[PDB]
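Enquirer: The structure is given below, and queries will be raised subsequently.
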Amino acid sequence: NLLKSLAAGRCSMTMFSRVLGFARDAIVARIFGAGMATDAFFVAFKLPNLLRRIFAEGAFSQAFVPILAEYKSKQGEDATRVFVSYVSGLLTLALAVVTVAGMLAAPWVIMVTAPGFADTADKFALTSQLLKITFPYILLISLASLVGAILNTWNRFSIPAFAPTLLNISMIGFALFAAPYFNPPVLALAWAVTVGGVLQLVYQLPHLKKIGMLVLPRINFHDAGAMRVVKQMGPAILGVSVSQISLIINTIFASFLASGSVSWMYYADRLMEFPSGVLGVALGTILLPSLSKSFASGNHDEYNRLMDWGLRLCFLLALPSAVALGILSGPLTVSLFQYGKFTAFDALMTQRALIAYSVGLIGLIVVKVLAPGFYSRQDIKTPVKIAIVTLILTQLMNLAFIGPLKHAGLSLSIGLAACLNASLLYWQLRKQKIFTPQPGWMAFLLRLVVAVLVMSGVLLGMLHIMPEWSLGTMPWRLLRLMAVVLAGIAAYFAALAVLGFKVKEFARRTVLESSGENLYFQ
Ligand SMILES: CCCCCCCC/C=C/CCCCCCCC(=O)OC[C@H](O)CO
Ligand SMILES: CCCCCCCC/C=C/CCCCCCCC(=O)OC[C@H](O)CO
Ligand SMILES: CCCCCCCC/C=C/CCCCCCCC(=O)OC[C@H](O)CO
Ligand SMILES: CCCCCCCC/C=C\CCCCCCCC(=O)OC[C@H](O)CO
C-alpha cells in the first residue's frame with residue numbers, strides 16, 4: 001500500500017518540523033513585529049525561503065533520486081561518485097558566481113525586487129545589507145539538497161529529513177539570545193539564516209563520508225547527464241512552484257504599499273504553508289514515483305486509476321482546509337502571532353491576505369497532482385508553458401486588484417492564479433488524451449460540498465460561543481483554537497460518513513495495493 005510511505009517514521013518529524021517553524025514565526029512576530037525591519041528581512045529572505053521550502057518538502061529528492069538511482073544501478077557506484085562530483089561542481093560553480101554577483105550588486109538587486117523601498121533610504125540600505133548576509137544560503141541550501149538526495153538514494157532518510165529543523169533552530173536561538181547584541185537587531189536573523197545553511201549541510205556530510213559518496217566537486221561541461229540535471233532544475237521548479245515565484249514578483253508591487261505589506265503577506269503565506277506543504281508533500285510522495293513506474297511499464301490503467309484517487313484525496317482534504325482557513329483566519333492570526341510587537345492591526349492585515357490566499361489552496365494541491373501526471377511521462381514543457389501564462393495573468397490581476405485591496409489583492413491574485421494553473425493542467429491532460437476520470441465525480445463532489453457546509457456551520461457556531469480571541473495568554477488562545485478545530489474536523493468526517501463516504505475503505509483502494517507492490521518490489 002502506497003500509504004505506508006507517509007507513516008514511515010518522518011510522520012512525527014513532519015509534526016516536529018512544522019511546530020518548530022511556527023515557533024520561529026511566532027517568536028519573530030513578538031520580537032520584531034510586522035514593520036520596517038521585518039519588511040527588509042522578508043524581502044532579503046525571499047529567495048532563501050523559496051529554496052528552503054524545496055529542501056524541507058523533499059522536492060529536489062523527488063526529482064534527483066530517480067536520476068541517481070537509475071545511474072547507480074545500471075552503471076556503477078564508482079561512476080556515480082564521478083557523476084555526483086560533476087553535478088556537485090556545476091551547482092557549486094553556478095551558484096557561487098550568482099551569490100558573489102548578488103552580494104556585490106545587492107543594492108541593484110533591491111532596486112529590481114523592492115523598488116518602492118528607494119523612497120526610504122534607511123530601509124533600502126538595511127534590505128541591501130540583509131540580502132548581502134543571506135545570499136550564501138542559496139549555495140549552502142542547494143548543496144545540502146543534493147547531499148540529502150544522495151543519502152536518500154542510499155536509503156538513509158532520517159538524517160536528511162531532520163536537517164530542515166536546523167535553520168529554525170538557528171533563527172530561534174539568534175532571535176532570542178543574539179538579537180540584542182546586533183544593531184539593528186534584525187541583523188541577527190540574517191546571520192541565523194546563513195549559519196542555518198552551514199549547519200544544514202555540515203550535518204549531512206559525515207554520513208555521506210560513510211557511504212563513500214563524499215567527493216570533491218569538479219567541473220566537466222562534457223557530462224551531458226550532469227548538464228541536464230542542473231539545467232532542468234529550474235523548469236521543473238517553475239512548473240510546480242508558480243505561487244512561490246509569484247510571491248517574489250509581487251514583492252515589487254508590495255514595495256510601494258504601506259509599511260508591513262511585505263510582512264503581512266509573509267505571515268499569511270506561512271499560515272497557509274501548513275496545509276499546502278503537508279498535503280502537497282504527502283500527495284507528491286505517493287504520486288510521482290508510482291505514476292513514473294506505471295508509465296515505464298505501460299500500465300495505463302494503474303496510471304489513470306492512481307491519478308483519479310489522488311485527485312479525490314485532493315478535494316477531500318483541500319476543500320475543507322481552504323474553507324477552514326478562511327473562517328478561522330482571524331482566530332488563527334490572533335492566537336498565533338498577536339503578541340509583543342505584532343498588533344491587532346497587524347493581525348487584521350495578515351488575516352485579509354490569508355482570506356485572499358485561501359481561495360487558491362485547492363488549486364495549489366491540484367497542481368501537486370496534475371503536474372506529476374506530465375512529469376511522469378517526461379513532459380516538463382507543458383507545465384512550464386502553463387506556468388508562464390499563469391505568471392503573466394497573475395501580474396495583470398495585480399493591476400486590477402492592488403487599487404481596492406492593496407496587499408490583499410496581491411494575495412488574491414496568487415489565489416485565483418493557482419486555481420487557474422490547476423484548471424489549465426486538467427484541460428491539457430484531457431485534450432492531450434492522457435487522463436480520463438473514473439465515474440461518480442459529481443456525486444463525490446456533492447457530498448464533499450454538503451459536508452463542508454456542515455463543518456462551516458459547526459465552525460461558525462463554535463466561534464459564536466467562544467470569547468474574544470485575544471483573551472488570555474498563548475496557551476489559553478491555543479487551547480480554544482484546538483477546540484474549534486477538533487469540532488470542525490469531527491463535523492466534516494461525521495457528515496461524510498452520514499452521507500455514505502468510507503474514509504477507511506478509501507485508504508484501502510485496490511489501486512494503492514498494486515501500485516505499492518509494483519514500485520517497492522521492482
Ligand atoms: C484565461 C487564459 C488562458 C490561456 C491559456 C493558454 C494556453 C495554455 C496551453 C499551453 C500549451 C501546452 C502545450 C505543450 C506542448 C505541446 C506540444 C508537444 O507535445 O510537444 C512536445 C515536444 O515534442 C517535446 O520536445
Ligand atoms: C522585473 C522588473 C521590475 C521593475 C519594473 C516594473 C516596476 C513596476 C512598478 C509598479 C508600481 C506598482 C505599485 C503602485 C503604487 C501605488 C499603490 C497603489 O496601487 O495604491 C492603490 C491606489 O493608489 C489607491 O487606492
Ligand atoms: C461538536 C460541537 C459542540 C462542541 C462543544 C465544545 C465544548 C467546549 C467549549 C467551550 C466553550 C468555552 C466558552 C468560553 C471560554 C472562555 C471563558 C471565559 O473566561 O470567557 C469570559 C467569561 O465569559 C467572562 O469572564
Ligand atoms: C473555489 C474553488 C476553486 C477550485 C478550482 C480547482 C480547479 C482544478 C482543475 C481541475 C480539477 C478537476 C477535478 C476532476 C473533475 C472531473 C469531473 C469529470 O469529468 O467527471 C467525469 C465523470 O466522473 C464521469 O467519468
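Residue names in the C-alpha cells use chain letters A, B, ... in the order shown, residue numbers from 1 in each chain, and ligand numbers from 1 in the order shown.
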Which residues are near ligand 1 - at most 10 Å, using only C-alpha atoms and all ligand atoms? Format: as a PDB file with N, CA and C atoms, in the first residue's frame.
Expert:
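Result file follows (out29.pdb):
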```
ATOM      1  N   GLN A 378       7.702  12.389 -18.635  1.00  0.00           N
ATOM      2  CA  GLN A 378       8.853  13.181 -19.070  1.00  0.00           C
ATOM      3  C   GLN A 378       8.422  14.352 -19.950  1.00  0.00           C
ATOM      4  N   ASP A 379       7.346  15.023 -19.540  1.00  0.00           N
ATOM      5  CA  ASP A 379       6.858  16.239 -20.184  1.00  0.00           C
ATOM      6  C   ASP A 379       6.935  17.376 -19.167  1.00  0.00           C
ATOM      7  N   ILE A 380       8.063  18.085 -19.179  1.00  0.00           N
ATOM      8  CA  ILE A 380       8.186  19.352 -18.464  1.00  0.00           C
ATOM      9  C   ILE A 380       7.621  20.505 -19.277  1.00  0.00           C
ATOM     10  N   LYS A 381       7.622  20.392 -20.608  1.00  0.00           N
ATOM     11  CA  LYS A 381       7.335  21.558 -21.439  1.00  0.00           C
ATOM     12  C   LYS A 381       5.897  22.029 -21.280  1.00  0.00           C
ATOM     13  N   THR A 382       4.960  21.107 -21.027  1.00  0.00           N
ATOM     14  CA  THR A 382       3.564  21.517 -20.873  1.00  0.00           C
ATOM     15  C   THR A 382       3.317  22.239 -19.554  1.00  0.00           C
ATOM     16  N   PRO A 383       3.718  21.716 -18.386  1.00  0.00           N
ATOM     17  CA  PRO A 383       3.527  22.500 -17.154  1.00  0.00           C
ATOM     18  C   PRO A 383       4.274  23.821 -17.168  1.00  0.00           C
ATOM     19  N   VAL A 384       5.414  23.885 -17.858  1.00  0.00           N
ATOM     20  CA  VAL A 384       6.201  25.113 -17.901  1.00  0.00           C
ATOM     21  C   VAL A 384       5.475  26.188 -18.702  1.00  0.00           C
ATOM     22  N   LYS A 385       4.940  25.822 -19.871  1.00  0.00           N
ATOM     23  CA  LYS A 385       4.202  26.792 -20.675  1.00  0.00           C
ATOM     24  C   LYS A 385       2.965  27.291 -19.937  1.00  0.00           C
ATOM     25  N   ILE A 386       2.267  26.394 -19.236  1.00  0.00           N
ATOM     26  CA  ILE A 386       1.150  26.812 -18.392  1.00  0.00           C
ATOM     27  C   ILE A 386       1.640  27.746 -17.294  1.00  0.00           C
ATOM     28  N   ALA A 387       2.799  27.430 -16.713  1.00  0.00           N
ATOM     29  CA  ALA A 387       3.366  28.255 -15.651  1.00  0.00           C
ATOM     30  C   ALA A 387       3.608  29.683 -16.121  1.00  0.00           C
ATOM     31  N   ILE A 388       4.094  29.845 -17.353  1.00  0.00           N
ATOM     32  CA  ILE A 388       4.418  31.175 -17.859  1.00  0.00           C
ATOM     33  C   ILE A 388       3.146  31.981 -18.097  1.00  0.00           C
ATOM     34  N   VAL A 389       2.113  31.342 -18.654  1.00  0.00           N
ATOM     35  CA  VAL A 389       0.821  32.006 -18.814  1.00  0.00           C
ATOM     36  C   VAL A 389       0.276  32.438 -17.460  1.00  0.00           C
ATOM     37  N   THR A 390       0.410  31.576 -16.448  1.00  0.00           N
ATOM     38  CA  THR A 390      -0.112  31.898 -15.123  1.00  0.00           C
ATOM     39  C   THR A 390       0.625  33.081 -14.508  1.00  0.00           C
ATOM     40  N   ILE A 392       2.058  35.573 -16.100  1.00  0.00           N
ATOM     41  CA  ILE A 392       1.653  36.795 -16.791  1.00  0.00           C
ATOM     42  C   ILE A 392       0.286  37.260 -16.303  1.00  0.00           C
ATOM     43  N   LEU A 393      -0.663  36.330 -16.156  1.00  0.00           N
ATOM     44  CA  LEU A 393      -2.013  36.723 -15.765  1.00  0.00           C
ATOM     45  C   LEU A 393      -2.108  37.070 -14.284  1.00  0.00           C
ATOM     46  N   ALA A 417      -4.814  32.626  -9.326  1.00  0.00           N
ATOM     47  CA  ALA A 417      -3.894  32.089 -10.322  1.00  0.00           C
ATOM     48  C   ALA A 417      -3.583  30.616 -10.090  1.00  0.00           C
ATOM     49  N   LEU A 420      -6.237  28.861 -11.549  1.00  0.00           N
ATOM     50  CA  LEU A 420      -6.107  28.927 -12.996  1.00  0.00           C
ATOM     51  C   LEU A 420      -5.075  27.907 -13.460  1.00  0.00           C
ATOM     52  N   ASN A 421      -3.909  27.901 -12.796  1.00  0.00           N
ATOM     53  CA  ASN A 421      -2.845  26.939 -13.065  1.00  0.00           C
ATOM     54  C   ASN A 421      -3.358  25.507 -13.040  1.00  0.00           C
ATOM     55  N   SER A 423      -6.598  24.385 -13.393  1.00  0.00           N
ATOM     56  CA  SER A 423      -7.577  24.110 -14.441  1.00  0.00           C
ATOM     57  C   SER A 423      -6.934  24.054 -15.823  1.00  0.00           C
ATOM     58  N   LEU A 424      -5.840  24.791 -16.034  1.00  0.00           N
ATOM     59  CA  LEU A 424      -5.122  24.680 -17.301  1.00  0.00           C
ATOM     60  C   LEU A 424      -4.394  23.347 -17.414  1.00  0.00           C
ATOM     61  N   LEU A 425      -3.935  22.793 -16.290  1.00  0.00           N
ATOM     62  CA  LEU A 425      -3.294  21.483 -16.328  1.00  0.00           C
ATOM     63  C   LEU A 425      -4.311  20.379 -16.585  1.00  0.00           C
ATOM     64  N   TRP A 427      -7.258  20.729 -18.226  1.00  0.00           N
ATOM     65  CA  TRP A 427      -7.651  20.868 -19.625  1.00  0.00           C
ATOM     66  C   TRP A 427      -6.606  20.273 -20.557  1.00  0.00           C
ATOM     67  N   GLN A 428      -5.327  20.427 -20.216  1.00  0.00           N
ATOM     68  CA  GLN A 428      -4.271  19.892 -21.066  1.00  0.00           C
ATOM     69  C   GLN A 428      -4.168  18.376 -20.954  1.00  0.00           C
ATOM     70  N   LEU A 429      -4.412  17.814 -19.767  1.00  0.00           N
ATOM     71  CA  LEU A 429      -4.405  16.363 -19.620  1.00  0.00           C
ATOM     72  C   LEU A 429      -5.590  15.706 -20.312  1.00  0.00           C
ATOM     73  N   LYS A 431      -7.229  17.234 -23.171  1.00  0.00           N
ATOM     74  CA  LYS A 431      -7.055  17.457 -24.602  1.00  0.00           C
ATOM     75  C   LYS A 431      -5.970  16.551 -25.169  1.00  0.00           C
ATOM     76  N   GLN A 432      -4.845  16.434 -24.465  1.00  0.00           N
ATOM     77  CA  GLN A 432      -3.763  15.567 -24.912  1.00  0.00           C
ATOM     78  C   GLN A 432      -4.073  14.086 -24.720  1.00  0.00           C
TER      79      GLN A 432
END
```
Enquirer: Would you mind listing the residues within 12 Å of ligand 3, counting only C-alpha atoms and all ligand atoms, as a PyMOL selection string?
Expert: chain A and resi 454-473+476-495
Enquirer: To one decimal in Å, tell me the separation between CA of residue 104 (chain A) and CA of residue 217 (chain A).
Expert: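 About the pair CA of residue 104 (chain A) and CA of residue 217 (chain A): they are 24.5 Å apart.
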Enquirer: Taking the chain letters and numbering used in this document, name the residues of region 241-449 of chain A that DSSP puts in alpha helix (DSSP H), as a ChimeraX atom specification.
Expert: /A:242-254,261-297,300-327,329-337,344-358,361-375,381-405,407-431,441-449
Enquirer: Could you list, as a list in words, all the residues within 8 Å of ligand 2, counting only C-alpha atoms and all ligand atoms?
Expert: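 Protein and nucleic-acid residues within 8 Å of ligand 2: residues 111, 112, 113, 115, 116, 249, 252, 253, 254, 255, 256, 257, 399, 402, 403, 404, 405 and 406 of chain A.
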Enquirer: Which residues are near ligand 4 in this structure, taking near to mean any atom at most 6 Å from a ligand atom and counting only C-alpha atoms and all ligand atoms? Format them as a PyMOL selection string.
Expert: chain A and resi 359+362-363+366+419+422-423+426+437-441
Enquirer: Would you mind exporting the chosen residues as a PDB file, in the first residue's frame, restricted to N, CA, C and O atoms?
Expert:
```pdb
ATOM      1  N   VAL A 359      -8.370  31.208  -1.222  1.00  0.00           N
ATOM      2  CA  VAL A 359      -9.125  30.836  -2.416  1.00  0.00           C
ATOM      3  C   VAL A 359      -8.337  29.864  -3.284  1.00  0.00           C
ATOM      4  O   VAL A 359      -8.923  29.029  -3.988  1.00  0.00           O
ATOM      5  N   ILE A 362      -6.987  24.977  -2.961  1.00  0.00           N
ATOM      6  CA  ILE A 362      -7.405  23.825  -3.754  1.00  0.00           C
ATOM      7  C   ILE A 362      -6.608  23.756  -5.051  1.00  0.00           C
ATOM      8  O   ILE A 362      -6.216  22.672  -5.498  1.00  0.00           O
ATOM      9  N   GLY A 363      -6.338  24.910  -5.666  1.00  0.00           N
ATOM     10  CA  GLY A 363      -5.569  24.914  -6.898  1.00  0.00           C
ATOM     11  C   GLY A 363      -4.126  24.498  -6.683  1.00  0.00           C
ATOM     12  O   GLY A 363      -3.555  23.768  -7.498  1.00  0.00           O
ATOM     13  N   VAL A 366      -4.169  20.689  -6.382  1.00  0.00           N
ATOM     14  CA  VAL A 366      -4.433  20.057  -7.672  1.00  0.00           C
ATOM     15  C   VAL A 366      -3.184  20.105  -8.545  1.00  0.00           C
ATOM     16  O   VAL A 366      -2.887  19.159  -9.286  1.00  0.00           O
ATOM     17  N   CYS A 419      -5.782  28.455  -8.870  1.00  0.00           N
ATOM     18  CA  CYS A 419      -6.952  27.822  -9.463  1.00  0.00           C
ATOM     19  C   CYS A 419      -6.876  27.838 -10.980  1.00  0.00           C
ATOM     20  O   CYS A 419      -7.400  26.933 -11.640  1.00  0.00           O
ATOM     21  N   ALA A 422      -4.212  25.185 -12.067  1.00  0.00           N
ATOM     22  CA  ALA A 422      -4.713  23.823 -11.938  1.00  0.00           C
ATOM     23  C   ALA A 422      -5.680  23.472 -13.064  1.00  0.00           C
ATOM     24  O   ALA A 422      -5.605  22.377 -13.634  1.00  0.00           O
ATOM     25  N   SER A 423      -6.598  24.385 -13.393  1.00  0.00           N
ATOM     26  CA  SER A 423      -7.577  24.110 -14.441  1.00  0.00           C
ATOM     27  C   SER A 423      -6.934  24.054 -15.823  1.00  0.00           C
ATOM     28  O   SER A 423      -7.427  23.342 -16.705  1.00  0.00           O
ATOM     29  N   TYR A 426      -5.499  20.485 -15.984  1.00  0.00           N
ATOM     30  CA  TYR A 426      -6.543  19.499 -16.247  1.00  0.00           C
ATOM     31  C   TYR A 426      -6.967  19.533 -17.708  1.00  0.00           C
ATOM     32  O   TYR A 426      -7.038  18.490 -18.369  1.00  0.00           O
ATOM     33  N   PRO A 437     -11.154  10.597 -16.247  1.00  0.00           N
ATOM     34  CA  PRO A 437     -11.536  10.308 -14.860  1.00  0.00           C
ATOM     35  C   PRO A 437     -12.383   9.052 -14.739  1.00  0.00           C
ATOM     36  O   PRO A 437     -12.946   8.541 -15.709  1.00  0.00           O
ATOM     37  N   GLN A 438     -12.450   8.553 -13.510  1.00  0.00           N
ATOM     38  CA  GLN A 438     -13.371   7.490 -13.152  1.00  0.00           C
ATOM     39  C   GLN A 438     -14.769   8.071 -12.968  1.00  0.00           C
ATOM     40  O   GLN A 438     -14.930   9.280 -12.786  1.00  0.00           O
ATOM     41  N   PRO A 439     -15.804   7.236 -13.025  1.00  0.00           N
ATOM     42  CA  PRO A 439     -17.169   7.749 -12.874  1.00  0.00           C
ATOM     43  C   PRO A 439     -17.491   8.124 -11.434  1.00  0.00           C
ATOM     44  O   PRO A 439     -16.869   7.655 -10.478  1.00  0.00           O
ATOM     45  N   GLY A 440     -18.492   8.988 -11.298  1.00  0.00           N
ATOM     46  CA  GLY A 440     -19.009   9.360  -9.996  1.00  0.00           C
ATOM     47  C   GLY A 440     -18.422  10.611  -9.388  1.00  0.00           C
ATOM     48  O   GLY A 440     -18.591  10.831  -8.184  1.00  0.00           O
ATOM     49  N   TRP A 441     -17.744  11.447 -10.178  1.00  0.00           N
ATOM     50  CA  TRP A 441     -17.108  12.638  -9.623  1.00  0.00           C
ATOM     51  C   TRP A 441     -18.138  13.641  -9.119  1.00  0.00           C
ATOM     52  O   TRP A 441     -17.936  14.277  -8.079  1.00  0.00           O
TER      53      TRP A 441
END
```
Enquirer: Do a neighbour search on residue 307 (chain A) at 8 Å with only C-alpha atoms, toss out local chain neighbours closer than 5 positions, and write the hits as a ChimeraX atom specification.
Expert: /A:287,291,369,373,435
Enquirer: Kindly give the distance, in Å, that separates CA of residue 15 (chain A) and CA of residue 261 (chain A), rounded to a single decimal.
Expert: 29.3 Å
Enquirer: Write out as a list in words which residues come within 8 Å of region 150-165 of chain A when counting only C-alpha atoms, dropping same-chain ones fewer than 5 positions away.
Expert: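 Skipping anything fewer than 5 positions along the chain leaves residues 9, 10, 13, 17, 20, 52, 55, 56, 61, 65, 68, 69, 199, 200, 201, 203, 204, 207, 208, 211 and 213 of chain A.
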Enquirer: Hey, can you spit out that residue selection with C-alpha atoms as a compact mmCIF listing (two decimals), in the first residue's frame?
Expert:
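The result, stored in result_3.txt:
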```
# COMPACT_ATOMS: atom_id res chain seq x y z
CA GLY A 9 8.97 7.41 10.54
CA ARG A 10 9.13 11.05 9.49
CA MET A 13 9.13 14.55 12.11
CA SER A 17 9.33 20.42 11.78
CA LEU A 20 9.25 24.46 15.20
CA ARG A 52 14.35 26.17 1.99
CA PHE A 55 14.59 21.09 0.63
CA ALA A 56 12.11 20.86 3.51
CA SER A 61 14.90 14.47 -3.79
CA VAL A 65 16.78 10.45 -6.61
CA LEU A 68 20.79 9.00 -9.36
CA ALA A 69 19.03 5.69 -8.61
CA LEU A 199 24.53 23.60 9.65
CA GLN A 200 22.03 22.02 7.24
CA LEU A 201 24.97 20.98 5.03
CA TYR A 203 25.11 17.97 9.47
CA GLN A 204 24.79 15.60 6.50
CA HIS A 207 27.01 10.38 6.80
CA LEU A 208 27.95 10.90 3.15
CA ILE A 211 28.59 5.68 2.05
CA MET A 213 29.82 9.48 -1.74
```
Enquirer: Which residues are close to region 25-36 of chain A, i.e. within 8 Å by only C-alpha atoms, leaving aside same-chain residues fewer than 6 positions away? Reply as a PDB file with C-alpha atoms, in the first residue's frame.
Expert:
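And here is the file that came out, result10.pdb:
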```pdb
ATOM      1  CA  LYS A 123      15.038  50.948   4.885  1.00  0.00           C
ATOM      2  CA  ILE A 172      15.133  30.916  17.104  1.00  0.00           C
ATOM      3  CA  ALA A 175      16.294  35.907  17.720  1.00  0.00           C
ATOM      4  CA  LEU A 176      16.030  35.055  21.420  1.00  0.00           C
ATOM      5  CA  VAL A 186      17.156  42.071  12.714  1.00  0.00           C
ATOM      6  CA  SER A 259       4.713  49.693   5.957  1.00  0.00           C
ATOM      7  CA  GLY A 260       4.381  45.992   6.707  1.00  0.00           C
ATOM      8  CA  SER A 263       5.402  41.200   6.399  1.00  0.00           C
ATOM      9  CA  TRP A 264       1.617  40.766   6.378  1.00  0.00           C
ATOM     10  CA  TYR A 267       2.853  35.696   7.783  1.00  0.00           C
ATOM     11  CA  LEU A 336      -0.519  32.506  16.884  1.00  0.00           C
ATOM     12  CA  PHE A 337       1.019  35.952  16.236  1.00  0.00           C
ATOM     13  CA  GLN A 338      -0.673  38.745  18.232  1.00  0.00           C
ATOM     14  CA  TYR A 339       1.975  39.128  20.925  1.00  0.00           C
ATOM     15  CA  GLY A 340       4.634  41.743  21.527  1.00  0.00           C
ATOM     16  CA  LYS A 341       5.258  43.990  18.526  1.00  0.00           C
ATOM     17  CA  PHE A 342       2.642  42.233  16.329  1.00  0.00           C
ATOM     18  CA  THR A 343      -0.547  44.191  16.998  1.00  0.00           C
ATOM     19  CA  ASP A 346      -1.050  43.527  12.016  1.00  0.00           C
TER      20      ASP A 346
END
```
Enquirer: Rounded to one decimal place, report the CA of residue 67 (chain A)-CA of residue 281 (chain A) distance in Å.
Expert: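 The value is 19.4 Å.
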Enquirer: May I have the residues within 8 Å of residue 240 (chain A) as a list in words, using only C-alpha atoms and disregarding those fewer than 4 positions away in the same chain?
Expert: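 Counting only C-alpha atoms, the residues come to residues 236, 367, 368, 371 and 383 of chain A.
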Enquirer: Next, write the just-selected residues to a file, as a tab-separated table (two decimals), in the first residue's frame, keeping N, CA and C atoms as the atom set.
Expert:
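New file out08.tsv:
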```
chain	number	residue	atom	x	y	z
A	236	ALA	N	11.76	22.60	-13.83
A	236	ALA	CA	10.99	21.65	-13.04
A	236	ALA	C	10.37	22.31	-11.82
A	367	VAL	N	-2.43	21.20	-8.46
A	367	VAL	CA	-1.18	21.32	-9.22
A	367	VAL	C	-0.18	20.26	-8.76
A	368	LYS	N	-0.13	19.99	-7.45
A	368	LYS	CA	0.75	18.96	-6.93
A	368	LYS	C	0.35	17.56	-7.37
A	371	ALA	N	0.58	18.24	-12.28
A	371	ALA	CA	1.93	18.38	-12.82
A	371	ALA	C	2.72	17.08	-12.80
A	383	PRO	N	3.72	21.72	-18.39
A	383	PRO	CA	3.53	22.50	-17.15
A	383	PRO	C	4.27	23.82	-17.17
```
